[PDB]
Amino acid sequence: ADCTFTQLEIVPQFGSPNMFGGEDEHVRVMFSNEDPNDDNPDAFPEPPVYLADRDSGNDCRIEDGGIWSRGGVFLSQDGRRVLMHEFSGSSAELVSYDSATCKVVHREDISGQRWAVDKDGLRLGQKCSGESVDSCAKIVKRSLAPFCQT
């Protein structure tokens, strides 16, 4: 029941100004960049996040949360879940959303931990040289099951 998440690249979009997003077969994610003097942000503090469920056709807005890391958006293979890294100050959490409704499925507080998500799952690290989880003395696998709710 352990679904697989894949990184979604978030890039400047054509059309409406200051929009950043990406899509795969199942879902399109869009953010607004409201930093007046930074055209290449690494994060998005202002909601809403726009989700388009390509299959059903529904568009919804995540109206609260953040700050959303630009490099921290992942899609489940079936398109039903969007996993997002969100931070505030020195705290951080991973949040899973239902792509059809924009409702929160699961949160996990990962404050203080280095982290990575890929084909193989979620890793959390302690005693680290730097930001990458591979710089850590100890890396633990963390279940993604509650995020998938497969």
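For every residue, the number given is its place in the sequence shown, counted from 1.
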Study note, to complete from the structure: Per the PDB entry, mean CA B-factor is higher for 100 to 108 or 83 to 91, namely for 100 to 108
Practice item. Mind pulling up the entry and telling me whether 36 to 44 or 58 to 66 has the higher mean Cα temperature factor? Key: 36 to 44
Revision key, fill the gap. Quick tally, chain-level thirds of C-alpha B-factors: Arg114 sits in the lowest
Exercise for review: Could you say whether, by C-alpha temperature factor, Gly21 belongs to the lowest, middle or highest third of its chain?
Suggested key: lowest
